[PDB]
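Taking it in order: structure first as structure tokens, then the write-up.
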Amino acid sequence: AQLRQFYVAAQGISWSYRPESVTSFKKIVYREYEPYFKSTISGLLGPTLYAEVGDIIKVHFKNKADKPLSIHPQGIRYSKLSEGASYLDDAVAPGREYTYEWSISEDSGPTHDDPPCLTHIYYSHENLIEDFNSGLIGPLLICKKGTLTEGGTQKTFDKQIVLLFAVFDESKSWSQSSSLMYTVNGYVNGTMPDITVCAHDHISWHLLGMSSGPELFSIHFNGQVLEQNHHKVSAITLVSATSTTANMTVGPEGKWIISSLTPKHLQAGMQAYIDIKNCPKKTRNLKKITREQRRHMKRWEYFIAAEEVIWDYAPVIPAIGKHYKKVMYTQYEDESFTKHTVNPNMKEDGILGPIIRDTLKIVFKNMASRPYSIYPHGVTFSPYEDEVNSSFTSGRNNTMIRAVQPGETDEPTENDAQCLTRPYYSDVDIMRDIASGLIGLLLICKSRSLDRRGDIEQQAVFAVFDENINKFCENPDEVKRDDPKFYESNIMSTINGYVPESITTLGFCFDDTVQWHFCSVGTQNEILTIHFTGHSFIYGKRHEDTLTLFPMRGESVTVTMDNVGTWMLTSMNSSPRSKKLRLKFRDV
Amino acid sequence: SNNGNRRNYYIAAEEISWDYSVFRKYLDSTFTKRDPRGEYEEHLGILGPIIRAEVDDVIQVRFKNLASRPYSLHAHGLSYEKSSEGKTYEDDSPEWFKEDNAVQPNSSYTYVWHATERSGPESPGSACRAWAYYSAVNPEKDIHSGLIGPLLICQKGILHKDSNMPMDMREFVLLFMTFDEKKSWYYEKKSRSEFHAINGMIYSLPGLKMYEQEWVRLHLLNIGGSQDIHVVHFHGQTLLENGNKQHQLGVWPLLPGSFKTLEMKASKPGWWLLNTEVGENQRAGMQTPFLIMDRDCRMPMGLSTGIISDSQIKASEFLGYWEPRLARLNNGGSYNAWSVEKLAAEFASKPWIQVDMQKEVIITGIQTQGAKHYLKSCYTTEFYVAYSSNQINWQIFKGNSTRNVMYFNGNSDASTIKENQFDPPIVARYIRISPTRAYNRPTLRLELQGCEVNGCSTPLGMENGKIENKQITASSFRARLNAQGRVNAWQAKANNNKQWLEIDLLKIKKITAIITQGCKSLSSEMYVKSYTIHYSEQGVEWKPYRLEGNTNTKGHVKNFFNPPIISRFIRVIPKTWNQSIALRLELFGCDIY
């Protein structure tokens, strides 16, 4: 038994709205006074809440709001006397003292294989529209018995803090403001001071996510392999109503910025401002050789270019026009600075970039007028070979090592495929400089790939050629760009590249396992799913028939072809993308 | 892909006009076999039947059309031949196999669908996963309309045939789709060729099924218009993911196209709400519960004792004067069993009745104990029941549950109070009950079982050492309730709002109801006729009823306090009096935590 007598209340305080502040905005916010009742570093989040097995928890609930604002735990374990909902303990007038019996049944907790503690939300349930639009949330922490300590931190973990991915509609409240700008933990535009955590810490986190406005919050960390949901995933992929976590096995230092990626998540500037320092911890070491026979002494030379060329895509469509500019990468075989090594873009990748597949002797070479980036996922890569595009961009000529002038040069959970998969992008600007075709595709696999010159592969990616002055179109002298009525008329939503699925029509033999290096890139606000045909995958030994995807992600696909027939791969969507979600696929 | 056994499996498509605020299932080789979606399926609405096969068994699907739209059907993870999809696209082969794409009305086929062992159940952590069928002509114009259905696939064998219903487990097929007003087809008129609810019924759709200390086979198979990247809100008992046995979270953002077989473990009595956690789409707000009750409503409730009053236990069509009123549970007397001379109103006006506990009940079923004369056997063989909430929709019960068939076997014996469990919820105020076949006269004395949302009236523990009544203090005297070796009476003083019932309980619990039973206190019982139901909060508290008793001597008569009352003190000053008090009292209730 771990009883927890609590004192938690609320308060009406203000906070800045357009972050970069006389402007006062009195809103009810959760706080926590000295026990028995009578900021600019953490945000607007209120109280925390531990929980262990065999516990009963009350909240001496105070309230100083004319609208009787109550409280509701997304840990549904509660009974009848502490529900918090109501149909035809729900309303708290000022001064009304309360005492509940949120006895932890093992349902709201993980008690097994989730993060060390589950995480719901700690927000009201009476009026989610007007009254709630004020920042009345919080994190829970129901764990396996015998872990938490009252010092705000876990036992078997070095540091714990939570940033919540939600939003309150700052104009659908009783105290509205006719100047709309949304919020996320009250910490957008990186006004949050750094969570200056060093390396070598066995860090663990919690990533809560609900909403009061229609949008998804799938924020991705910046360079880190995470520990989420028993599967060695990479980008935090979640929407509202629930919560993810983050366990950061760190190693090197630096400075990174995290955010989600939509035309809305990056315009206003929803980001952070993190920082890494130094600390004297030292844990386990590394290994380099395996029994002297399965050595795999492998490493490959590479040179990746950056050219401002134009390319023609699609003639007549199978079941200006086709030439549009594109700054895309190209693969090389030698430093001799000759031609395109892929002499015939063989009809499986098409105009898909080089197949970027161990430290960095896989090099590149920019040819534009500014340093442009190459950065893969799934690596806690050392800033010894940085490209640290921090929030403060250092100088252009003689400052630190953040630049590359032109001319200059992870054990996945075996429940997945026989090896994991991960793509990348251009790390300069994940919204502007990535738009104009500057997108590549990555593929990491297992330590079972060897050959001298370096069971079926296939390139595809349902990206969009969102390449957002005067003479650049069929109109000889006067044409316009960045016009949504004309730009959504040139949005080249595509699989693998061509404006629609062009001449590159894909066929396949019989009774052989295939793999599709499928992904999803671009600045489109929706998520998609696939609509396969007459066969099944192996998604953790769950032979399904379809697979979803969030922005800037796309994993593997394992097939057990053991039959005869012809099929056709499709993908369903509503009217704004039904005309775009069509795709061909053949068989013998 | 020919694999298994051959059996009839008939489907159709009857297009109607459904007021928001379509298939069914036939059984024989041809048509003509209407099985009505009873209370076991009276919430599916737009959802059709539930196609049910197992591991690599044949799935016959004869279907047609009855309006102005050709249909088809898509297949996910199923095994079948080439021409069995239904979509106009490129054909590298000739135009031969094009007789599954434009289906014309009134056409019988003979399909052959299967679920390959590796495509059905694989890695047996996924027991009964949910598939689906849907005409893929325009998933935006016929799944958005609701010509829909699942395909629940389990193991290969252990499930009683051909009931194909999930045994020892319940089943939900809730496609949480944003059925919008702008795009409806069969019921709507404009586009024939903000509302987030199953089958497009906002603010309503009760009647969800449940049973205590069990789980479910929940399915949030959202496959329609992929813009509903929803976020599910769920109170009551939480849904945690299996298969991938490492998602015991509880709340899950519903992404379209995908699906997952959730389990919830119903284990808290009462009504709970639903919601949709999308900000402004929460205005849908489903106040739809699956009424979890107490696990201990397995015993009779008003014919042995007699609160289901013996006044309206009347046969609609009477018979002489052996009315069902003089009967009790094995009543000391020959005439104790209702039976009207059997007439041949083959399904309408057979000897039927109208009965009720005189309150809101959740009928578990009816039982009977016959008492044969010396030649009249007086026994029934089968049974049906109809429910009527507002006394004009006397709706029959032709269920299709695990052990419920068309005329589900109710009363069927001569002596044993036969056990019948109504698996779907009962939401009724009155009923009409008609047994059929007997020995020239259908015999019945009903044994009802029910439990309301609370119904905790068990022995509260008047002597449990926690909440005593022996000390019963008041202005009428401590006393002697079941502390025998004493005199045989109760004594009062006057007759007005005099006493205070300081029953030394002092426990904060949930005695959901109260009952005033009778006794034999030297004469006819004197009791409390009524009491100005005054409150009893933490202080020296009273409250005129701004938040009846016993009336007849012999009877378990109750006047339930209409709203639930829970507080710290215990007191009920009696406003009236039966000229005195004379009864060994015994109240009933329980304790919540």
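Counting begins at 1 with the first residue displayed.
Determination method: electron microscopy, 4.4 Å.
Placed from the backbone N, Cα and C atoms, the Cβ positions cover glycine too.
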Handout entry: Which candidate, of A:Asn247, A:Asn573, Swiss-Prot gives the annotation N-linked glycosylation site
Key = A:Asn247
Problem - From A:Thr341, A:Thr546, A:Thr558, the one Swiss-Prot labels phosphothreonine - result: A:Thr546
Problem - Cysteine of A:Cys117, A:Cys279, A:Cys419 paired with A:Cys198 via disulfide, per Swiss-Prot - result: A:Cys279
Fill in the blank from the handout: If you consult Swiss-Prot, the disulfide counterpart of A:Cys117 among A:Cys143, A:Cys419 turns out to be A:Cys143
Problem - As recorded in Swiss-Prot, which of A:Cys419, A:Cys473 forms the disulphide with A:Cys445 - result: A:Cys419
Fill in the blank from the handout: Least Cβ-packed of the disulfide-bonded residues A:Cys143, A:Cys279 (other Cβ atoms within 10 Å) is A:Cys279
Problem - Rounded to the nearest Å - Cα separation of A:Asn247 (N-linked glycosylation site) and A:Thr546 (phosphothreonine) - result: 29
Fill in the blank from the handout: When the recorded positions A:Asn389, A:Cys419, A:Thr546 are screened for a C-beta under 8 angstroms from chain B, what remains is A:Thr546
Completion exercise
A:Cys143 (disulfide bond) sits from A:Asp90 (Ca(2+) binding site) (Cα to Cα, rounded, in Å) at a distance of 27
Exercise for the section: Work out, from DSSP, the number of helix, strand and coil residues along the domain 'Plastocyanin-like 2' (A:153-279). Expected result: 0 helix, 21 strand, 106 coil
Completion exercise
Under a three-state DSSP reduction, the secondary structure at A:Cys117 (disulfide bond) is strand
Handout entry: Most crowded position, judged by CB atoms within 10 A, among A:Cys117, A:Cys445 as disulfide-bonded residues
Key = A:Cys117
Handout entry: Distance, A:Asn189 (N-linked glycosylation site) to A:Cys117 (disulfide bond) (CA atoms, angstrom)
Key = 29
Handout entry: A:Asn397 (N-linked glycosylation site) and A:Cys198 (disulfide bond), distance between Cα atoms, whole Å
Key = 29
